[PDB]
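Student: Sending over a structure as structure tokens; questions will come in a sec.
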Amino acid sequence: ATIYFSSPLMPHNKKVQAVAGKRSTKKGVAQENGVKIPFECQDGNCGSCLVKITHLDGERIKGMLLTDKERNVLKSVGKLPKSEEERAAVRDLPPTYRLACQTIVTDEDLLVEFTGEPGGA
Amino acid sequence: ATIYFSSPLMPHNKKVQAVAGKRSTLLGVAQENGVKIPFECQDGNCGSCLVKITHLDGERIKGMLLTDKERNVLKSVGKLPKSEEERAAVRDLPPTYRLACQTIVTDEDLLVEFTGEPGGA
Amino acid sequence: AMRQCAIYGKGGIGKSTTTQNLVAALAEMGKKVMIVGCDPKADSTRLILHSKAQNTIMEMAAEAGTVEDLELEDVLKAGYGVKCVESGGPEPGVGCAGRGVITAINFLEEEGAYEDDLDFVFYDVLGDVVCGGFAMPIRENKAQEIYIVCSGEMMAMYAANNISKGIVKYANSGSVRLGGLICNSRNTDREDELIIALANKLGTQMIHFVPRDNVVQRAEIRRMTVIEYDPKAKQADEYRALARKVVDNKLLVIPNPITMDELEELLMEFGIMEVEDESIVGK
Amino acid sequence: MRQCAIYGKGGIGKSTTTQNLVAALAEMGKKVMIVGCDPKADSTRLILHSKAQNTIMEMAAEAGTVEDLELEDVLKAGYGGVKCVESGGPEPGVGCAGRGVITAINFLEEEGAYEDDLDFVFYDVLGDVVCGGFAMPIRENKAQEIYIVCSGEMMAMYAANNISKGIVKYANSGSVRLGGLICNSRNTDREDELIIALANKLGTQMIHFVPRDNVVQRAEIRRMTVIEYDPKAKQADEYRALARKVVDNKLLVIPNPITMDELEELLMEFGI
Amino acid sequence: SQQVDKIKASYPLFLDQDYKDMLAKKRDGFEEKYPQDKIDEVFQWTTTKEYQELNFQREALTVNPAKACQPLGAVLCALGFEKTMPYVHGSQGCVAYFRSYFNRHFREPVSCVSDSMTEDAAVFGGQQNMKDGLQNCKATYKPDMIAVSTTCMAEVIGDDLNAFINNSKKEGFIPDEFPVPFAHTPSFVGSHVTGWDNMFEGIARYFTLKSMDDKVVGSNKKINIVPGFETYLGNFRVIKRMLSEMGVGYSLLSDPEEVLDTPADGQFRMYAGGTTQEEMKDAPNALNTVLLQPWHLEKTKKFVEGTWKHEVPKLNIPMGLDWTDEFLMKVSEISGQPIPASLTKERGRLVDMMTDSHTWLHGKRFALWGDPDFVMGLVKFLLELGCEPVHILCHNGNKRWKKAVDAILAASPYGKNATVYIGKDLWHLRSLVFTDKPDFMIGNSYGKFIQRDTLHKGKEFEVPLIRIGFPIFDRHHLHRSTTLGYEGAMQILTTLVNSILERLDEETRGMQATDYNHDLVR
Amino acid sequence: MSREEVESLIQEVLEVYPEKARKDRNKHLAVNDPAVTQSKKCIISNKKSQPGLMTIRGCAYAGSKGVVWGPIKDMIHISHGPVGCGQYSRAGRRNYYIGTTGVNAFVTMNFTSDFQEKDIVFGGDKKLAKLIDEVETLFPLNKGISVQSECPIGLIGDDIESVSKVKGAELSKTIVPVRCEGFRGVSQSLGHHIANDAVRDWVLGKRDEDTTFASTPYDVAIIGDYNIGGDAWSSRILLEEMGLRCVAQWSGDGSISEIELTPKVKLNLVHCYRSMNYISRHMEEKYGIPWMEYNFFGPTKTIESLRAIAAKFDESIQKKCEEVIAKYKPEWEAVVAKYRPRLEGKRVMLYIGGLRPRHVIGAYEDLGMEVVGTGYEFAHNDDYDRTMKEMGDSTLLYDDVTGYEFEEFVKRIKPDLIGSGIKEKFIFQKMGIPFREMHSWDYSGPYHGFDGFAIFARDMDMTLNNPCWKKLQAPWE
Ligand SMILES: Nc1ncnc2c1ncn2[C@@H]1O[C@H](COP(=O)(O)OP(=O)(O)O)[C@@H](O)[C@H]1O
Ligand SMILES: Nc1ncnc2c1ncn2[C@@H]1O[C@H](COP(=O)(O)OP(=O)(O)O)[C@@H](O)[C@H]1O
Ligand code: ICS
Ligand code: CLF
Ligand code: SF4
Ligand code: SF4
Ligand code: FES
Ligand code: FES
Ligand SMILES: [Fe+3]
Ligand SMILES: [Mg+2]
Ligand SMILES: [Mg+2]
């Protein structure tokens, strides 16, 4: 799994290689490589770790489970439209905006964009 | 070189492998993979092949030459800030917006985004 | 079994009414036709669907979030036995106005509306300017036969010349050809022979000349085609003749664009503009 | 139904002015709804007579998620038939402080608490910073009318200018307009016409001038609002006149921001 | 094509000409199957001694195991208490598989619940899952007790049940006085019998650890009995009958035979019988505690000796003649009651049956597998019948158990050829029965695929299987039989001798070929 | 009919639950309205199960190893992790195949890593590599290896993908790693998606540069039929008699070559939407292969599906379809004439997770039986959109029904027959209601096609009309 971190704070986009399916989340991957995603909670109820995930290999999109807590948090910051919620519920496809502490790395190439601010502007 | 083509016209982004430095440009790579970037001339003055290129591996950014024809076309399109012109002229670093017919593929991972319209809205 | 055709011309001459009447006449012959309105005005399916305005693909994609979730049934509306779709357009001032066309046709090709279950596919395209989106059906080989609506007006034949320039530019990579010229009366005395001479210069023909009939407004007041409103009127007969000669059209030529001076002298030849002289420039 | 919001810096009598406005409106037979978009849980204490109304965020946290939340426990009715909603924020340093406003507005829309023949909805929004869920009513075109509570102090006028800029930014995307400038007195010389001059400078009209007095505090001790504590009070009638001017207001304009030096000169040439 | 009078199931409908032609077309066209000569050559290779050596050089891959995971035994132990709900903190697939396994074996309903832990619980733990599951289970199914075990998911992420249960009790999810015993049963340690031991120890510690001040050994003059992982209802019934026949007061702990044998009378009894909580509270007042299967009950033995102050006897499983006699004599010595004449008559009848059938049982070669205590008892009984065990297999055995079985074999002239294997699986047993052919196999239904394999080599290389153990899926109501005591020995003897006689009858049925030995009297 | 008292019955059953459990479970019980096209406004599915309510759902490992990957015969499937997960799933599903077990077919086998504590602590990947080497040593005739991961594999942290890549490059053989951990997903539904993704990413694109296969314009592929009791063969014989040639079967009696050759097919015949719609959609987007759903349950649905399939080809295929329909008419007509009088007008409740309850309803109605209640443990909202038209008005719909809810519904409704799995079979057999094991066909079958309809009718007659059901009550009671 290849992950490309991007941020206006970062002078250069950073390419890392990650092991998929780890109990440690994308937040573990970000912390090991020194990517400064704001993590301000230990229960996954805040929105500080909001990121935008783009699947570079569109053919290799893996089906996942959108947890109810993550869905509620994404709706709380207004980053989950109705169409994407229905898509996650029916087709088991991920939404565009995710939470780093709740995101499980999959075996694909990903682009993770963050702006350094907590979710909800 | 790994190139990820992305567009709102494409249902899924495509990942392709390209030979770096080929005389055929990004336009050759786009055509041989069925990526529909609008090409509307053969002398490189129309600007309809405008794309946004992001170097996913920030460390592996390769210096290039921004030819005067590309510079003038980009200015006629408006996708060329003075800061990027100065950066390309002094540090030989590519600008954010390029022309697919005049862009030579470098040995790095690239994300190429186009909206399907000719350059200049 | 599918003949892909487009109708171009300057906005305000009657592309929509002529297209809808042509489809209405074709449907009488048992043909199955489909209409794509690539004009941002979004009124090219008014007279067939009997509605106030067909919802555009862009409007549905905006209200639903994306174009991938859009269905065919809410986009394709079947009226008078023929299918209708509207491209729409973006908000004026942002993006490219033709982008909706690029969003529409692509979407259609991925949903299966372009499968050959139809005899005729028609694109009412705005041809006042030839840019991306409005030249995409020519660039992407999506319209075999182009018909240009033109009046006895300088702007209309300029637009015809520009569309022919686009066609000849994209003549070597595809089979896009000019099938003829359609003339809509502007109450001009010499306009028929004028566009006859224009087509002769361009190397193409008149498919037909359409008289200006006040019954077309009486048909539009009901949101109705003139063929259905009076099947027995002479305007309906002219539209049926235009349709039959469109079906029987076999002259598909690459046009020969003329210059600005040639157009000016063609206007001079038939009295629309007076004689210019070099000795009467400064007074 | 008319959607109005009350903005301005924190500490300027915003909450109590809004409470007196809504109670006065309820005295006339109108039915109003209050949504407290302030992280401090004090936006509805003077119309419910409670220590602190339990917030939506607290209930959502205690009841697991917001999907298990019921409308009856969050919508409490007070004096005059007013509907009360209280939107608490998260703990300091835990994410955006404006998640509560977004969650509460979404919940209210989902449970249909607006269409119940309401006429006035009032969003008591923090105006120290215009961002996140605090700029959300302006971003989403939720509050069509907005009133700013300010005084003759640099912080208040700067907050008013910032809210005006926020209105200007989202002017084209919806019908969000700045109705007027509510003025609250701190017993300082030459304040009324200073605020009238600011309002005329940035295009609006002054709505009403509220003087400072001790009756509102005596009512505040009793967890009481001024009008139905003592309806014959002079300040009670002033609040009534303020309500009359608010309901019969028809001027909706797009303001123009004023620069820092302009505000400094305006403050300087008025004697402060 | 079907005839409406003779409708065919899959067999032999798929033996028709059209179906055979369709399958041949499929195989020849779109399967790229290896040539039949290659398949036959590789199959013949798999039955060689070199392939056995390669098979026994395995260290990473295990094929066709003969053991399960701990929470299965934990649920089986939990089912034996009165109105007790088995609860598995972890994923729901574990509970689904446990319920399917036990339903297929016992052909009876099995009740168990899970907290349905998911990716959210994988990231943030399962405290809320435990609270909500306890509350929902108590409110809905109304149990007097909830017995909590763990799934490997909960074991890896370090979910500790003590803090979770205390938090649930003190936050109002369940009453503080509601009994919720717990145990940690990792699936990567031991097997199902280890889970049974862990759960029984957890329940005993929950009910007796904090009340050791007023307990005096021998006050209630009863004897505690711990059966262990038992899947035979007759094994509980025979122990109850033998203990009640001697007039010995006893207390069976964790007996699920009542809930696992409910009658069908138009009503569904989700709870039935089982040991009450009072007998668990009064357990350390007993004179002594007897462990029926001590090789998988070691941890509960440590708990009973250390805390209950009970001198646990050193007894084997009551299988066979000698070990049943030792169990009866030890029980008589502990309880002070004499062995009655009925048990002497039963033992004499067992000896009579042994002498009547000794001719057909002598010199028969057996390859058996199962659980440590059951396998040891079976090997002992086979030694007392004159039979010759050859391949003894125990996938969940240890070095001490193997040493004990070797000592048992050394004390009999019929155990010279016998060899004991621990940590091996059923593929190893297939290689063993191919290269060193025994007469019969003795084990669960998973051995049937071995028999087929042998039949493929030839009719004279086939090794028939005898279904004694857990789980038995291809036969009906074999879980109602007995294996312990004189009754169990009688049933085992009858099964063995009749299997031998049936095999001999089959081998001599060809007329004018081998029917000269098709004797009427055997 | 009678929607009011079934509504009140739902209310009474939901009374014992705590407030949160009641609130959630209220969304999953519905009253069928055939005039509804969007079930999202009536029922809600694909949500997590409430803890401690005795759900029937499984895990994603069951939906990937036991459902999609298991029936493939010439591959070796390694249950990576502790022994129990592969032990309880061994030979429990009657996916039928033809092959020499242990030589070139390995369906009934159980290959597992058998993790211990030292594997849980110290890695485990090198054990996987050694296991692959041993598998290649002892089983040379296998045509691939899949590694189905269990719960601890993701939890401890392991890279089975790098091991798969390295060993596949070293041994020149395809290795497919499947992250089908039990905790991922609320039910078996996500296991189908994970297995489909694994097939798409590691198997499906193998024969892309190969053009040595001689394809005919009648090529088809059976997708979503897992040959329970020989179901796929009964469908295959009907498809071949119609003039079509089938090159792939997904995945009952399937092989690696059929999966690899599937992209060379003119039409995808999807039986089970829920488990293979992902791969069908992918093959439609990439290779342009159209796909449709068909039903072979009962004679009416079989004829409808046969005509619909023939409508996608030339006239000769339609004539052949008419020939086979005329040939098989007297068979099922005789079966109906013999068995409908004994089964006419009897009510049945169904609870099978996934595609089977909507599909079986036509076969039931063919014998004059009426379905009064139905439901799926893991089905999504599109399945409920599809099944509302099939079911009768004011009939009961449930989703992920608990044990208590199902027992109370059965006691109140009192149907003549219940078709469900093994976990509820004996519960309802105690209460004296005839029961059929829909998941396994009660160790009978096949039920697909005309050949399966006779066995279906005979089984239902033998179970519903058995005398044992009249002796439940003692004569002295
Ligand atoms: N054949 C005709 N005779 C008389 N008037 C016409 C005819 N066709 C169109 N018109 C008039 O032209 C007006 C606008 O034409 P329209 O079709 O909207 O232009 P466009 O070609 O840009 O769609 C209409 O109001 C209609 O009344
Ligand atoms: N008209 C008034 N006269 C006197 N004191 C006032 C008046 N309005 C507000 N105050 C005081 O200003 C303080 C403002 O607090 P409050 O209105 O509750 O919230 P906020 O700090 O958001 O304005 C109150 O404590 C009140 O005592
Ligand atoms: S795959 Fe599914 S539960 Fe579609 S996991 Fe399950 S052999 Fe069922 S209703 Mo067992 S979605 Fe198949 C099924 Fe149906 S195992 Fe079989 S019977 S048609
Ligand atoms: S949900 Fe699925 S089947 Fe369950 S464990 Fe998880 S992958 Fe497996 Fe197998 S081993 Fe035993 S039964 Fe579990 S507790 Fe550890
Ligand atoms: S290409 Fe033409 S239509 Fe598009 S933005 Fe440019 S001028 Fe407008
Ligand atoms: S947007 Fe405003 S409220 Fe939200 S985190 Fe930033 S400063 Fe705080
Ligand atoms: S750190 Fe708070 S949601 Fe991830
Ligand atoms: S193709 Fe026109 S500028 Fe590149
Ligand atoms: Fe039974
Ligand atoms: Mg028009
Ligand atoms: Mg306040």
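Chain labels run A, B, ... following the order of the structure tokens; each chain numbers its residues from 1, and ligands are numbered from 1 in the order shown.
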To check your reading of the model: which residues sit at most 10 Å from ligand 10 when counting only C-alpha atoms and all ligand atoms? Write the answer as a PyMOL selection string.
Tutor: chain C and resi 7-20+37-46+124-126
Student: Residues up to 8 Å from ligand 4, counting only C-alpha atoms and all ligand atoms: could you list those as a VMD selection string?
Tutor: (chain E and resid 68 to 72 90 to 98 150 to 153 186 to 188) or (chain F and resid 58 to 62 81 to 88 149 to 152 180 to 183)
Student: Please, which residues of chain F lie no more than 12 Å from chain C when the count uses only C-alpha atoms, and can they be set out as a PyMOL selection string?
Tutor: chain F and resi 284-286+288+290
Student: Those selected residues, please, written with N, CA and C atoms and delivered as a compact mmCIF listing (two decimals), in the first residue's frame.
Tutor:
```
# COMPACT_ATOMS: atom_id res chain seq x y z
N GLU F 284 -18.44 -5.64 -16.49
CA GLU F 284 -19.18 -4.82 -17.44
C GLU F 284 -18.44 -3.51 -17.74
N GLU F 285 -17.87 -2.87 -16.72
CA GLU F 285 -17.15 -1.62 -16.97
C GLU F 285 -15.87 -1.85 -17.76
N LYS F 286 -15.09 -2.86 -17.40
CA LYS F 286 -13.80 -3.08 -18.04
C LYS F 286 -13.93 -3.75 -19.40
N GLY F 288 -16.77 -4.74 -20.97
CA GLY F 288 -17.98 -4.44 -21.72
C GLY F 288 -18.96 -5.59 -21.83
N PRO F 290 -22.17 -7.50 -20.93
CA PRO F 290 -23.45 -7.27 -20.25
C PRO F 290 -23.79 -8.41 -19.30
```
Student: Write out as a ChimeraX atom specification each polymer residue (protein, DNA or RNA) that has an atom no more than 10 Å from ligand 8, with only C-alpha atoms and all ligand atoms counted.
Tutor: /B:27,37-51,69-70,73-74,98-103,118-119
Student: Run DSSP on the backbone of this structure and report the residues of stretch 16-46 of chain D it assigns to strand (DSSP E), as a VMD selection string.
Tutor: chain D and resid 32 to 37
Student: Provide as a PyMOL selection string the residues of chain F at most 12 Å from chain D, counting only C-alpha atoms.
Tutor: chain F and resi 19-24
Student: Neighbouring residues of ligand 7 are defined here as those with any atom at most 8 Å from a ligand atom, counting only C-alpha atoms and all ligand atoms; list them as a ChimeraX atom specification.
Tutor: /A:27,38-50,73,99-102 /D:94-95
Student: Would you export the selected residues with N, CA and C atoms as a PDB file, in the first residue's frame, please?
Tutor:
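Result file is result12.pdb:
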```pdb
ATOM      1  N   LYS A  27      -3.759   7.037  11.177  1.00  0.00           N
ATOM      2  CA  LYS A  27      -3.114   7.918  12.176  1.00  0.00           C
ATOM      3  C   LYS A  27      -1.777   7.304  12.597  1.00  0.00           C
ATOM      4  N   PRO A  38      -3.822  16.748  12.888  1.00  0.00           N
ATOM      5  CA  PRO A  38      -4.259  17.060  14.259  1.00  0.00           C
ATOM      6  C   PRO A  38      -5.088  15.927  14.849  1.00  0.00           C
ATOM      7  N   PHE A  39      -4.550  15.290  15.887  1.00  0.00           N
ATOM      8  CA  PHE A  39      -5.245  14.242  16.631  1.00  0.00           C
ATOM      9  C   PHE A  39      -5.508  14.767  18.036  1.00  0.00           C
ATOM     10  N   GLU A  40      -6.767  15.097  18.327  1.00  0.00           N
ATOM     11  CA  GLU A  40      -7.127  15.737  19.587  1.00  0.00           C
ATOM     12  C   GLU A  40      -8.128  14.920  20.398  1.00  0.00           C
ATOM     13  N   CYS A  41      -8.203  13.612  20.167  1.00  0.00           N
ATOM     14  CA  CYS A  41      -9.119  12.771  20.924  1.00  0.00           C
ATOM     15  C   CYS A  41      -8.623  11.335  20.886  1.00  0.00           C
ATOM     16  N   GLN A  42      -9.122  10.538  21.830  1.00  0.00           N
ATOM     17  CA  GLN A  42      -8.800   9.118  21.905  1.00  0.00           C
ATOM     18  C   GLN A  42     -10.034   8.233  21.797  1.00  0.00           C
ATOM     19  N   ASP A  43     -11.197   8.804  21.491  1.00  0.00           N
ATOM     20  CA  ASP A  43     -12.425   8.039  21.334  1.00  0.00           C
ATOM     21  C   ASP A  43     -13.056   8.194  19.958  1.00  0.00           C
ATOM     22  N   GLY A  44     -12.442   8.960  19.062  1.00  0.00           N
ATOM     23  CA  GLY A  44     -12.982   9.131  17.727  1.00  0.00           C
ATOM     24  C   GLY A  44     -14.301   9.866  17.667  1.00  0.00           C
ATOM     25  N   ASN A  45     -14.519  10.831  18.557  1.00  0.00           N
ATOM     26  CA  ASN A  45     -15.742  11.622  18.559  1.00  0.00           C
ATOM     27  C   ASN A  45     -15.547  13.048  18.074  1.00  0.00           C
ATOM     28  N   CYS A  46     -14.332  13.584  18.150  1.00  0.00           N
ATOM     29  CA  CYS A  46     -14.046  14.879  17.559  1.00  0.00           C
ATOM     30  C   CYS A  46     -13.874  14.725  16.048  1.00  0.00           C
ATOM     31  N   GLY A  47     -13.608  15.836  15.373  1.00  0.00           N
ATOM     32  CA  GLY A  47     -13.409  15.785  13.939  1.00  0.00           C
ATOM     33  C   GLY A  47     -12.043  16.274  13.511  1.00  0.00           C
ATOM     34  N   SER A  48     -11.095  16.303  14.449  1.00  0.00           N
ATOM     35  CA  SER A  48      -9.804  16.930  14.187  1.00  0.00           C
ATOM     36  C   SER A  48      -9.035  16.228  13.076  1.00  0.00           C
ATOM     37  N   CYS A  49      -9.183  14.910  12.949  1.00  0.00           N
ATOM     38  CA  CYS A  49      -8.394  14.123  12.010  1.00  0.00           C
ATOM     39  C   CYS A  49      -9.057  13.983  10.647  1.00  0.00           C
ATOM     40  N   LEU A  50      -9.892  14.940  10.252  1.00  0.00           N
ATOM     41  CA  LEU A  50     -10.563  14.866   8.962  1.00  0.00           C
ATOM     42  C   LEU A  50      -9.556  14.999   7.826  1.00  0.00           C
ATOM     43  N   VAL A  73     -19.843  11.260  13.098  1.00  0.00           N
ATOM     44  CA  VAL A  73     -18.849  12.327  13.188  1.00  0.00           C
ATOM     45  C   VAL A  73     -18.734  13.070  11.863  1.00  0.00           C
ATOM     46  N   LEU A  99     -11.861   9.991   8.512  1.00  0.00           N
ATOM     47  CA  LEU A  99     -11.167  10.339   9.743  1.00  0.00           C
ATOM     48  C   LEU A  99      -9.919   9.479   9.859  1.00  0.00           C
ATOM     49  N   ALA A 100      -8.772  10.128  10.077  1.00  0.00           N
ATOM     50  CA  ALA A 100      -7.498   9.415  10.085  1.00  0.00           C
ATOM     51  C   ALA A 100      -7.459   8.361  11.177  1.00  0.00           C
ATOM     52  N   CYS A 101      -8.004   8.678  12.355  1.00  0.00           N
ATOM     53  CA  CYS A 101      -7.965   7.721  13.457  1.00  0.00           C
ATOM     54  C   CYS A 101      -8.971   6.594  13.256  1.00  0.00           C
ATOM     55  N   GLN A 102      -9.843   6.705  12.259  1.00  0.00           N
ATOM     56  CA  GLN A 102     -10.805   5.635  12.041  1.00  0.00           C
ATOM     57  C   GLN A 102     -10.645   4.967  10.684  1.00  0.00           C
TER      58      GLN A 102
ATOM     59  N   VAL D  94     -10.828  20.244  21.944  1.00  0.00           N
ATOM     60  CA  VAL D  94     -11.312  18.997  21.354  1.00  0.00           C
ATOM     61  C   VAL D  94     -12.052  19.372  20.074  1.00  0.00           C
ATOM     62  N   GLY D  95     -11.317  19.417  18.966  1.00  0.00           N
ATOM     63  CA  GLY D  95     -11.916  19.672  17.675  1.00  0.00           C
ATOM     64  C   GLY D  95     -12.472  21.082  17.540  1.00  0.00           C
TER      65      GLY D  95
END
```
Student: Using only C-alpha atoms, determine which residues of chain A fall within 8 Å of chain E; present them as a ChimeraX atom specification.
Tutor: /A:23-25,43,67,69,102
Student: Could the residues in this selection be written to a file with N, CA, C and O atoms, as a PDB file, in the first residue's frame?
Tutor:
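again-v3.pdb, freshly written:
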```
ATOM      1  N   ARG A  23      -4.059  -2.986  12.817  1.00  0.00           N
ATOM      2  CA  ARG A  23      -4.975  -2.480  13.876  1.00  0.00           C
ATOM      3  C   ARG A  23      -4.684  -0.991  14.040  1.00  0.00           C
ATOM      4  O   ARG A  23      -5.654  -0.213  14.154  1.00  0.00           O
ATOM      5  N   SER A  24      -3.401  -0.611  14.001  1.00  0.00           N
ATOM      6  CA  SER A  24      -3.076   0.836  14.027  1.00  0.00           C
ATOM      7  C   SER A  24      -3.673   1.442  12.761  1.00  0.00           C
ATOM      8  O   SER A  24      -3.512   0.847  11.675  1.00  0.00           O
ATOM      9  N   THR A  25      -4.277   2.614  12.880  1.00  0.00           N
ATOM     10  CA  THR A  25      -5.008   3.227  11.740  1.00  0.00           C
ATOM     11  C   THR A  25      -4.082   4.062  10.856  1.00  0.00           C
ATOM     12  O   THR A  25      -2.849   3.946  10.996  1.00  0.00           O
ATOM     13  N   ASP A  43     -11.197   8.804  21.491  1.00  0.00           N
ATOM     14  CA  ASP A  43     -12.425   8.039  21.334  1.00  0.00           C
ATOM     15  C   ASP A  43     -13.056   8.194  19.958  1.00  0.00           C
ATOM     16  O   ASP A  43     -14.113   7.606  19.708  1.00  0.00           O
ATOM     17  N   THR A  67     -18.282   2.756   9.810  1.00  0.00           N
ATOM     18  CA  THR A  67     -18.818   2.575  11.152  1.00  0.00           C
ATOM     19  C   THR A  67     -19.821   3.672  11.483  1.00  0.00           C
ATOM     20  O   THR A  67     -19.758   4.779  10.942  1.00  0.00           O
ATOM     21  N   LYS A  69     -20.192   5.330  14.284  1.00  0.00           N
ATOM     22  CA  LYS A  69     -19.542   6.462  14.936  1.00  0.00           C
ATOM     23  C   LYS A  69     -18.872   7.371  13.912  1.00  0.00           C
ATOM     24  O   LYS A  69     -19.002   8.600  13.981  1.00  0.00           O
ATOM     25  N   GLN A 102      -9.843   6.705  12.259  1.00  0.00           N
ATOM     26  CA  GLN A 102     -10.805   5.635  12.041  1.00  0.00           C
ATOM     27  C   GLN A 102     -10.645   4.967  10.684  1.00  0.00           C
ATOM     28  O   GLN A 102     -11.438   4.082  10.345  1.00  0.00           O
TER      29      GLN A 102
END
```
Student: To one decimal place, how far is atom CA of residue C:143 from atom CA of residue C:87 in Å?
Tutor: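 Going from atom CA of residue C:143 over to atom CA of residue C:87 covers 15.6 Å.
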Student: Which residues form the shell of 6 Å around ligand 5 when you count only C-alpha atoms and all ligand atoms, given as a ChimeraX atom specification?
Tutor: /B:118,121 /C:96-98,131-132
